[PDB]
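**Q** Pasting a structure below so you can have a look.
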Amino acid sequence: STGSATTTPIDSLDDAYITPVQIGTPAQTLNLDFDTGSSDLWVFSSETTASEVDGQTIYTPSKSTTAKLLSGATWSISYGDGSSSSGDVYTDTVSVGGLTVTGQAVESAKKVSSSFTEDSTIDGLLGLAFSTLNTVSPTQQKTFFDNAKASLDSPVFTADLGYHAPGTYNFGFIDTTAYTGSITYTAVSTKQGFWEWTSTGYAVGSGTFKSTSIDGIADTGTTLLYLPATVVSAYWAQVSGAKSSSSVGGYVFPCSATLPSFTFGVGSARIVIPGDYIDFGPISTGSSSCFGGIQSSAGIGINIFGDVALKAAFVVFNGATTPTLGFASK
């Protein structure tokens with residue numbers, strides 16, 4: 001089997017991407033944030049505290065003839081941005097782009113933190129990291145990809161995120177029309193539960209490539225590119241007036257600037273992030289200070305190849321017995 005679904009930016013900055021997902025019988029379609037940095041499929045629901053729901057579409061398990069309470073199971077997750085959610089668990093039929101999994105754990109939110117309530121466009125998350133990170137207790141549950149894997153034509157999914165435009169998540173096949181050149185594959189460590197890999201270096205604009213190992217994660221659920229402070233300083237030093245602002249929470253730059261590109265290495269290959277992809281717009285409405293799309297990971301503990309980086313590539317998440325990542329230009 002295969003599946004193919006379009007993923008759409010939630011706003012004009014590409015702060016996140018939503019993909020329609022069918023849950024239950026008859027189908028209830030929710031727009032979920034596909035997140036290769038986590039491993040829970042959770043949804044706003046008829047169980048979510050009413051004051052914490054503000055415009056999201058909810059899953060109502062009592063209206064699904066295929067929903068079954070997973071008795072005794074609870075979940076609770078905290079994300080790197082400080083947001084969180086928790087609740088109980090149903091199993092139900094879940095379909096993405098024509099690919100169907102029966103018996104998928106659908107984690108129903110009883111509580112969500114303010115950032116989720118405040119984002120009316122995201123109805124929940126669909127985790128695509130390794131199932132070892134799934135938070136369901138006392139019986140850990142498998143991701144949608146893990147459950148689908150054996151049925152897929154090939155044990156892969158691909159992320160093709162658009163810049164200020166829709167893109168595609170495919171399951172079970174590699175669309176050879178969706179990229180240019182060849183796909184360069186690179187080793188993955190699953191030891192922390194992430195799609196963790198080592199970039200071979202970077203360049204700023206037209207500058208020379210610096211060969212240096214940068215361990216990080218391919219994370220579709222993180223907006224920006226978080227890299228070591230040395231790398232990030234070298235990038236922003238090429239932008240007149242750019243500075244790190246403790247009050248804003250990162251590097252800012254004059255909105256009048258034209259940003260240089262940023263290149264990262266994948267083996268001997270190179271992925272070029274155009275400068276425009278690094279512009280996240282005014283820090284507050286009407287400001288002439290703009291927020292940078294490359295930020296320091298120093299306070300995180302891990303480097304994160306988020307959407308800023310991934311959207312410059314066609315990315316293969318290869319879930320073969322030994323997982324690997326592939327990157328192609330597009």
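By convention in this document, the chains of the structure tokens carry letters A, B, ... by their order, each chain's residues are numbered from 1, and ligands are numbered from 1 in the order they are shown.
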Need the shell around residue A:40: protein/DNA/RNA residues with any atom at most 7 Å away, counting only C-alpha atoms. Skip same-chain ones fewer than 2 positions apart. Format as a PyMOL selection string?

**A** chain A and resi 38+42+126-127+134-135+143

**Q** Could you pull out the helix (DSSP H, G or I) residues of stretch 168-294 of chain A, going by DSSP on the backbone, and write them as a list in words?

**A**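 Put together, the selection reads residues 229, 230, 231, 232, 233, 234, 235, 236, 275, 276, 277 and 278 of chain A.
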
**Q** Taking the backbone alone, and naming residues the way the document does, which bits of stretch 121-262 of chain A are strand (DSSP E) by DSSP, as a PDB file with N, CA, C and O atoms, in the first residue's frame?

**A**
ATOM      1  N   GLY A 124      -4.292  18.760  16.421  1.00  0.00           N
ATOM      2  CA  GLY A 124      -3.529  17.734  17.106  1.00  0.00           C
ATOM      3  C   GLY A 124      -2.239  17.473  16.359  1.00  0.00           C
ATOM      4  O   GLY A 124      -1.900  18.158  15.387  1.00  0.00           O
ATOM      5  N   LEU A 125      -1.508  16.472  16.847  1.00  0.00           N
ATOM      6  CA  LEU A 125      -0.209  16.092  16.308  1.00  0.00           C
ATOM      7  C   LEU A 125      -0.252  14.639  15.864  1.00  0.00           C
ATOM      8  O   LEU A 125      -0.961  13.814  16.449  1.00  0.00           O
ATOM      9  N   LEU A 126       0.522  14.328  14.831  1.00  0.00           N
ATOM     10  CA  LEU A 126       0.737  12.948  14.405  1.00  0.00           C
ATOM     11  C   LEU A 126       2.241  12.702  14.448  1.00  0.00           C
ATOM     12  O   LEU A 126       2.990  13.184  13.596  1.00  0.00           O
ATOM     13  N   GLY A 127       2.684  11.982  15.474  1.00  0.00           N
ATOM     14  CA  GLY A 127       4.107  11.748  15.669  1.00  0.00           C
ATOM     15  C   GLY A 127       4.669  10.721  14.700  1.00  0.00           C
ATOM     16  O   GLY A 127       4.064   9.681  14.432  1.00  0.00           O
ATOM     17  N   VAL A 156       9.060   3.354   4.112  1.00  0.00           N
ATOM     18  CA  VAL A 156       9.559   4.722   4.062  1.00  0.00           C
ATOM     19  C   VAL A 156       8.395   5.696   4.115  1.00  0.00           C
ATOM     20  O   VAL A 156       7.263   5.376   3.744  1.00  0.00           O
ATOM     21  N   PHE A 157       8.695   6.911   4.558  1.00  0.00           N
ATOM     22  CA  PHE A 157       7.836   8.045   4.265  1.00  0.00           C
ATOM     23  C   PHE A 157       8.733   9.198   3.849  1.00  0.00           C
ATOM     24  O   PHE A 157       9.926   9.214   4.152  1.00  0.00           O
ATOM     25  N   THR A 158       8.155  10.159   3.131  1.00  0.00           N
ATOM     26  CA  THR A 158       8.908  11.308   2.652  1.00  0.00           C
ATOM     27  C   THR A 158       8.201  12.593   3.039  1.00  0.00           C
ATOM     28  O   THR A 158       6.967  12.668   3.064  1.00  0.00           O
ATOM     29  N   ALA A 159       9.006  13.605   3.341  1.00  0.00           N
ATOM     30  CA  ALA A 159       8.535  14.951   3.632  1.00  0.00           C
ATOM     31  C   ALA A 159       9.025  15.890   2.541  1.00  0.00           C
ATOM     32  O   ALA A 159      10.235  15.988   2.299  1.00  0.00           O
ATOM     33  N   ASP A 160       8.088  16.578   1.899  1.00  0.00           N
ATOM     34  CA  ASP A 160       8.384  17.548   0.845  1.00  0.00           C
ATOM     35  C   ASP A 160       7.631  18.818   1.220  1.00  0.00           C
ATOM     36  O   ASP A 160       6.549  19.082   0.693  1.00  0.00           O
ATOM     37  N   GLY A 167       2.871  21.355   0.263  1.00  0.00           N
ATOM     38  CA  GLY A 167       3.801  20.293  -0.063  1.00  0.00           C
ATOM     39  C   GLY A 167       3.129  18.958   0.154  1.00  0.00           C
ATOM     40  O   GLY A 167       1.899  18.878   0.161  1.00  0.00           O
ATOM     41  N   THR A 168       3.922  17.906   0.360  1.00  0.00           N
ATOM     42  CA  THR A 168       3.409  16.540   0.349  1.00  0.00           C
ATOM     43  C   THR A 168       4.117  15.667   1.376  1.00  0.00           C
ATOM     44  O   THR A 168       5.347  15.706   1.492  1.00  0.00           O
ATOM     45  N   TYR A 169       3.332  14.833   2.064  1.00  0.00           N
ATOM     46  CA  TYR A 169       3.830  13.666   2.790  1.00  0.00           C
ATOM     47  C   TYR A 169       3.391  12.425   2.034  1.00  0.00           C
ATOM     48  O   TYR A 169       2.191  12.220   1.835  1.00  0.00           O
ATOM     49  N   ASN A 170       4.354  11.594   1.640  1.00  0.00           N
ATOM     50  CA  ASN A 170       4.066  10.313   1.012  1.00  0.00           C
ATOM     51  C   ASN A 170       4.500   9.184   1.933  1.00  0.00           C
ATOM     52  O   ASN A 170       5.505   9.285   2.641  1.00  0.00           O
ATOM     53  N   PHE A 171       3.743   8.090   1.897  1.00  0.00           N
ATOM     54  CA  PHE A 171       4.025   6.884   2.663  1.00  0.00           C
ATOM     55  C   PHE A 171       4.148   5.709   1.710  1.00  0.00           C
ATOM     56  O   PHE A 171       3.242   5.465   0.906  1.00  0.00           O
ATOM     57  N   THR A 184      20.911  11.634  -1.364  1.00  0.00           N
ATOM     58  CA  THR A 184      22.064  11.203  -0.581  1.00  0.00           C
ATOM     59  C   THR A 184      21.570  10.694   0.761  1.00  0.00           C
ATOM     60  O   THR A 184      20.925  11.435   1.520  1.00  0.00           O
ATOM     61  N   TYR A 185      21.873   9.436   1.052  1.00  0.00           N
ATOM     62  CA  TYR A 185      21.488   8.830   2.311  1.00  0.00           C
ATOM     63  C   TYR A 185      22.608   8.918   3.337  1.00  0.00           C
ATOM     64  O   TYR A 185      23.798   8.883   3.013  1.00  0.00           O
ATOM     65  N   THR A 186      22.204   9.032   4.594  1.00  0.00           N
ATOM     66  CA  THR A 186      23.118   9.242   5.703  1.00  0.00           C
ATOM     67  C   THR A 186      22.614   8.458   6.913  1.00  0.00           C
ATOM     68  O   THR A 186      21.412   8.223   7.065  1.00  0.00           O
ATOM     69  N   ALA A 187      23.548   8.047   7.768  1.00  0.00           N
ATOM     70  CA  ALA A 187      23.232   7.172   8.889  1.00  0.00           C
ATOM     71  C   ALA A 187      22.383   7.872   9.944  1.00  0.00           C
ATOM     72  O   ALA A 187      22.490   9.083  10.177  1.00  0.00           O
ATOM     73  N   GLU A 196      18.007  11.053  14.132  1.00  0.00           N
ATOM     74  CA  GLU A 196      19.222  11.768  14.498  1.00  0.00           C
ATOM     75  C   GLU A 196      20.346  11.381  13.548  1.00  0.00           C
ATOM     76  O   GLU A 196      20.577  10.197  13.297  1.00  0.00           O
ATOM     77  N   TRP A 197      21.020  12.384  13.000  1.00  0.00           N
ATOM     78  CA  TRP A 197      22.014  12.192  11.957  1.00  0.00           C
ATOM     79  C   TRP A 197      23.122  13.218  12.158  1.00  0.00           C
ATOM     80  O   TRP A 197      23.051  14.062  13.054  1.00  0.00           O
ATOM     81  N   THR A 198      24.165  13.137  11.332  1.00  0.00           N
ATOM     82  CA  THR A 198      25.320  14.029  11.454  1.00  0.00           C
ATOM     83  C   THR A 198      25.556  14.725  10.124  1.00  0.00           C
ATOM     84  O   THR A 198      25.962  14.093   9.145  1.00  0.00           O
ATOM     85  N   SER A 199      25.296  16.023  10.091  1.00  0.00           N
ATOM     86  CA  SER A 199      25.642  16.834   8.940  1.00  0.00           C
ATOM     87  C   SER A 199      27.156  16.982   8.857  1.00  0.00           C
ATOM     88  O   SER A 199      27.859  16.985   9.872  1.00  0.00           O
ATOM     89  N   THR A 200      27.658  17.112   7.634  1.00  0.00           N
ATOM     90  CA  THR A 200      29.092  17.182   7.391  1.00  0.00           C
ATOM     91  C   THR A 200      29.645  18.606   7.353  1.00  0.00           C
ATOM     92  O   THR A 200      30.860  18.764   7.185  1.00  0.00           O
ATOM     93  N   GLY A 201      28.818  19.628   7.505  1.00  0.00           N
ATOM     94  CA  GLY A 201      29.327  20.979   7.622  1.00  0.00           C
ATOM     95  C   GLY A 201      28.348  21.997   7.071  1.00  0.00           C
ATOM     96  O   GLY A 201      27.169  21.717   6.871  1.00  0.00           O
ATOM     97  N   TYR A 202      28.863  23.207   6.851  1.00  0.00           N
ATOM     98  CA  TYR A 202      27.996  24.293   6.433  1.00  0.00           C
ATOM     99  C   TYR A 202      28.770  25.355   5.662  1.00  0.00           C
ATOM    100  O   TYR A 202      29.998  25.443   5.722  1.00  0.00           O
ATOM    101  N   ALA A 203      28.014  26.178   4.937  1.00  0.00           N
ATOM    102  CA  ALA A 203      28.534  27.407   4.354  1.00  0.00           C
ATOM    103  C   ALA A 203      27.516  28.517   4.550  1.00  0.00           C
ATOM    104  O   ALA A 203      26.315  28.271   4.649  1.00  0.00           O
ATOM    105  N   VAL A 204      28.012  29.747   4.589  1.00  0.00           N
ATOM    106  CA  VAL A 204      27.173  30.940   4.692  1.00  0.00           C
ATOM    107  C   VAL A 204      27.264  31.684   3.364  1.00  0.00           C
ATOM    108  O   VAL A 204      28.358  32.078   2.943  1.00  0.00           O
ATOM    109  N   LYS A 210      32.676  24.850   5.399  1.00  0.00           N
ATOM    110  CA  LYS A 210      33.386  24.424   6.598  1.00  0.00           C
ATOM    111  C   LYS A 210      33.006  22.981   6.891  1.00  0.00           C
ATOM    112  O   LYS A 210      31.840  22.685   7.180  1.00  0.00           O
ATOM    113  N   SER A 211      33.988  22.088   6.815  1.00  0.00           N
ATOM    114  CA  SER A 211      33.771  20.685   7.139  1.00  0.00           C
ATOM    115  C   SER A 211      33.810  20.515   8.648  1.00  0.00           C
ATOM    116  O   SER A 211      34.850  20.740   9.278  1.00  0.00           O
ATOM    117  N   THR A 212      32.684  20.119   9.228  1.00  0.00           N
ATOM    118  CA  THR A 212      32.577  19.934  10.665  1.00  0.00           C
ATOM    119  C   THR A 212      31.337  19.093  10.917  1.00  0.00           C
ATOM    120  O   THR A 212      30.314  19.289  10.262  1.00  0.00           O
ATOM    121  N   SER A 213      31.431  18.159  11.851  1.00  0.00           N
ATOM    122  CA  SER A 213      30.312  17.274  12.145  1.00  0.00           C
ATOM    123  C   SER A 213      29.302  17.972  13.038  1.00  0.00           C
ATOM    124  O   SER A 213      29.654  18.484  14.103  1.00  0.00           O
ATOM    125  N   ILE A 214      28.040  17.977  12.614  1.00  0.00           N
ATOM    126  CA  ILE A 214      26.961  18.591  13.380  1.00  0.00           C
ATOM    127  C   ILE A 214      25.880  17.536  13.582  1.00  0.00           C
ATOM    128  O   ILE A 214      25.100  17.251  12.666  1.00  0.00           O
ATOM    129  N   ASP A 215      25.820  16.967  14.784  1.00  0.00           N
ATOM    130  CA  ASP A 215      24.793  15.993  15.115  1.00  0.00           C
ATOM    131  C   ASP A 215      23.477  16.716  15.387  1.00  0.00           C
ATOM    132  O   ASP A 215      23.437  17.671  16.157  1.00  0.00           O
ATOM    133  N   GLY A 216      22.396  16.257  14.767  1.00  0.00           N
ATOM    134  CA  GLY A 216      21.111  16.884  15.019  1.00  0.00           C
ATOM    135  C   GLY A 216      19.976  15.997  14.565  1.00  0.00           C
ATOM    136  O   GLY A 216      20.194  14.898  14.056  1.00  0.00           O
ATOM    137  N   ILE A 217      18.748  16.490  14.737  1.00  0.00           N
ATOM    138  CA  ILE A 217      17.560  15.701  14.416  1.00  0.00           C
ATOM    139  C   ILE A 217      16.780  16.343  13.275  1.00  0.00           C
ATOM    140  O   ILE A 217      16.695  17.569  13.167  1.00  0.00           O
ATOM    141  N   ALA A 218      16.213  15.502  12.417  1.00  0.00           N
ATOM    142  CA  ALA A 218      15.299  15.953  11.370  1.00  0.00           C
ATOM    143  C   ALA A 218      13.907  16.029  11.982  1.00  0.00           C
ATOM    144  O   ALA A 218      13.316  14.989  12.298  1.00  0.00           O
ATOM    145  N   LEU A 225      15.671  26.370  12.357  1.00  0.00           N
ATOM    146  CA  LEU A 225      16.920  25.623  12.311  1.00  0.00           C
ATOM    147  C   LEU A 225      17.765  26.043  13.507  1.00  0.00           C
ATOM    148  O   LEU A 225      18.148  27.214  13.618  1.00  0.00           O
ATOM    149  N   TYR A 226      18.023  25.104  14.414  1.00  0.00           N
ATOM    150  CA  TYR A 226      18.758  25.361  15.645  1.00  0.00           C
ATOM    151  C   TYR A 226      20.109  24.661  15.561  1.00  0.00           C
ATOM    152  O   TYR A 226      20.171  23.425  15.462  1.00  0.00           O
ATOM    153  N   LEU A 227      21.180  25.443  15.600  1.00  0.00           N
ATOM    154  CA  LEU A 227      22.538  24.960  15.385  1.00  0.00           C
ATOM    155  C   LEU A 227      23.482  25.506  16.440  1.00  0.00           C
ATOM    156  O   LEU A 227      23.132  26.419  17.192  1.00  0.00           O
ATOM    157  N   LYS A 243      21.695  40.940  15.468  1.00  0.00           N
ATOM    158  CA  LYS A 243      22.192  40.805  16.827  1.00  0.00           C
ATOM    159  C   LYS A 243      21.347  39.771  17.545  1.00  0.00           C
ATOM    160  O   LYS A 243      20.192  39.532  17.189  1.00  0.00           O
ATOM    161  N   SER A 244      21.918  39.194  18.592  1.00  0.00           N
ATOM    162  CA  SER A 244      21.154  38.336  19.476  1.00  0.00           C
ATOM    163  C   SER A 244      20.519  39.191  20.561  1.00  0.00           C
ATOM    164  O   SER A 244      21.212  39.939  21.257  1.00  0.00           O
ATOM    165  N   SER A 245      19.205  39.079  20.693  1.00  0.00           N
ATOM    166  CA  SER A 245      18.418  39.851  21.640  1.00  0.00           C
ATOM    167  C   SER A 245      17.914  38.922  22.739  1.00  0.00           C
ATOM    168  O   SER A 245      17.083  38.043  22.486  1.00  0.00           O
ATOM    169  N   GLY A 250      16.307  35.577  20.764  1.00  0.00           N
ATOM    170  CA  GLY A 250      17.135  35.029  19.715  1.00  0.00           C
ATOM    171  C   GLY A 250      17.668  36.133  18.827  1.00  0.00           C
ATOM    172  O   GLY A 250      17.553  37.326  19.128  1.00  0.00           O
ATOM    173  N   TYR A 251      18.249  35.699  17.723  1.00  0.00           N
ATOM    174  CA  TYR A 251      18.762  36.621  16.729  1.00  0.00           C
ATOM    175  C   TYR A 251      17.628  37.319  16.000  1.00  0.00           C
ATOM    176  O   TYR A 251      16.660  36.687  15.535  1.00  0.00           O
ATOM    177  N   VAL A 252      17.792  38.628  15.870  1.00  0.00           N
ATOM    178  CA  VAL A 252      16.910  39.496  15.110  1.00  0.00           C
ATOM    179  C   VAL A 252      17.770  40.246  14.107  1.00  0.00           C
ATOM    180  O   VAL A 252      18.991  40.338  14.244  1.00  0.00           O
ATOM    181  N   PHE A 253      17.122  40.772  13.080  1.00  0.00           N
ATOM    182  CA  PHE A 253      17.852  41.468  12.033  1.00  0.00           C
ATOM    183  C   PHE A 253      16.956  42.542  11.433  1.00  0.00           C
ATOM    184  O   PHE A 253      15.725  42.473  11.544  1.00  0.00           O
ATOM    185  N   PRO A 254      17.536  43.552  10.785  1.00  0.00           N
ATOM    186  CA  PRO A 254      16.687  44.580  10.174  1.00  0.00           C
ATOM    187  C   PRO A 254      15.805  43.992   9.084  1.00  0.00           C
ATOM    188  O   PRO A 254      16.287  43.315   8.179  1.00  0.00           O
ATOM    189  N   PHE A 262      22.078  29.668   3.388  1.00  0.00           N
ATOM    190  CA  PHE A 262      22.813  28.818   4.313  1.00  0.00           C
ATOM    191  C   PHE A 262      22.836  27.415   3.726  1.00  0.00           C
ATOM    192  O   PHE A 262      21.781  26.873   3.394  1.00  0.00           O
TER     193      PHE A 262
END

**Q** Near residue A:16, within 12 Å and counting only C-alpha atoms, which residues show up once chain neighbours fewer than 3 positions away are dropped, as a PyMOL selection string?

**A** chain A and resi 7-13+19+31-35+119+121-122+124-125+161-167+219-224+306-308+311

**Q** Do you have the atom CA of residue A:146-atom CA of residue A:193 distance handy?

**A**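 For atom CA of residue A:146 relative to atom CA of residue A:193, the distance reads 13.0 Å.
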
**Q** Measuring atom to atom with only C-alpha atoms, identify which of A:44, A:235, A:195, A:59 is nearest to residue A:111.

**A**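 Distance minimum relative to residue A:111 lands on A:44.
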
**Q** From the options A:75, A:291, A:130, A:144, which residue's atoms come nearest to residue A:23, counting only C-alpha atoms?

**A**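 The answer is A:144, which sits nearest to residue A:23.
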
**Q** Go ahead and compute the interatomic distance for atom CA of residue A:48 and atom CA of residue A:133, in Å to one decimal.

**A**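 Between atom CA of residue A:48 and atom CA of residue A:133 the gap is 23.0 Å.
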
**Q** Go through A:41, A:231, A:257, A:101 one by one, measure the shortest atom-to-atom distance of each to residue A:131 using only C-alpha atoms, and give the residue with the smallest value.

**A**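 That would be A:41, the residue with the smallest distance to residue A:131.
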
**Q** Choose the residue, out of A:328, A:58, A:152, A:298, that has the smallest atom-to-atom separation from residue A:314; count only C-alpha atoms.

**A**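 Of A:328, A:58, A:152, A:298, the one nearest residue A:314 is A:328, counting only C-alpha atoms.
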
**Q** Considering only C-alpha atoms, state which residue in the set A:148, A:242, A:27, A:69 is at the smallest distance from residue A:108.

**A** A:69

**Q** Tell me which protein, DNA and RNA residues are within 9 Å of residue A:112, counting only C-alpha atoms, leaving out same-chain ones fewer than 4 positions away, and put them as a PDB file with N, CA and C atoms, in the first residue's frame.

**A**
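Result file part28.pdb:
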ATOM      1  N   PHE A  44      -7.355  17.123  19.732  1.00  0.00           N
ATOM      2  CA  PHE A  44      -8.471  17.782  20.395  1.00  0.00           C
ATOM      3  C   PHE A  44      -9.697  16.896  20.254  1.00  0.00           C
ATOM      4  N   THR A  48     -11.828  17.228  25.637  1.00  0.00           N
ATOM      5  CA  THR A  48     -10.947  18.339  25.987  1.00  0.00           C
ATOM      6  C   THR A  48     -11.713  19.391  26.787  1.00  0.00           C
ATOM      7  N   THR A  49     -11.142  19.796  27.922  1.00  0.00           N
ATOM      8  CA  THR A  49     -11.682  20.885  28.730  1.00  0.00           C
ATOM      9  C   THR A  49     -12.195  22.000  27.832  1.00  0.00           C
ATOM     10  N   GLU A  52     -10.444  25.205  26.963  1.00  0.00           N
ATOM     11  CA  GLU A  52      -9.174  25.051  26.268  1.00  0.00           C
ATOM     12  C   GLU A  52      -9.345  24.762  24.786  1.00  0.00           C
ATOM     13  N   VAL A  53     -10.579  24.763  24.290  1.00  0.00           N
ATOM     14  CA  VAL A  53     -10.874  24.585  22.875  1.00  0.00           C
ATOM     15  C   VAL A  53     -11.326  25.930  22.325  1.00  0.00           C
ATOM     16  N   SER A  83       5.184  23.671  25.605  1.00  0.00           N
ATOM     17  CA  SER A  83       3.779  23.303  25.511  1.00  0.00           C
ATOM     18  C   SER A  83       3.580  21.856  25.956  1.00  0.00           C
ATOM     19  N   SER A  84       2.320  21.486  26.179  1.00  0.00           N
ATOM     20  CA  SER A  84       2.020  20.176  26.735  1.00  0.00           C
ATOM     21  C   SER A  84       0.556  19.834  26.514  1.00  0.00           C
ATOM     22  N   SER A  85       0.254  18.549  26.672  1.00  0.00           N
ATOM     23  CA  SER A  85      -1.107  18.046  26.577  1.00  0.00           C
ATOM     24  C   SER A  85      -1.145  16.667  27.225  1.00  0.00           C
ATOM     25  N   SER A  86      -2.350  16.217  27.576  1.00  0.00           N
ATOM     26  CA  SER A  86      -2.500  14.923  28.236  1.00  0.00           C
ATOM     27  C   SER A  86      -3.941  14.450  28.115  1.00  0.00           C
ATOM     28  N   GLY A  87      -4.143  13.153  28.336  1.00  0.00           N
ATOM     29  CA  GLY A  87      -5.499  12.622  28.306  1.00  0.00           C
ATOM     30  C   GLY A  87      -5.532  11.108  28.370  1.00  0.00           C
ATOM     31  N   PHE A 116      -1.505  25.551  22.427  1.00  0.00           N
ATOM     32  CA  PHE A 116      -2.368  24.740  21.576  1.00  0.00           C
ATOM     33  C   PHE A 116      -3.746  25.378  21.436  1.00  0.00           C
ATOM     34  N   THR A 117      -4.346  25.799  22.552  1.00  0.00           N
ATOM     35  CA  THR A 117      -5.647  26.459  22.493  1.00  0.00           C
ATOM     36  C   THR A 117      -5.609  27.649  21.553  1.00  0.00           C
TER      37      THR A 117
END

**Q** I'd like the interatomic distance between atom CA of residue A:25 and atom CA of residue A:93, to a tenth of an Å.

**A**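 Spanning atom CA of residue A:25 to atom CA of residue A:93 is a straight-line distance of 7.3 Å.
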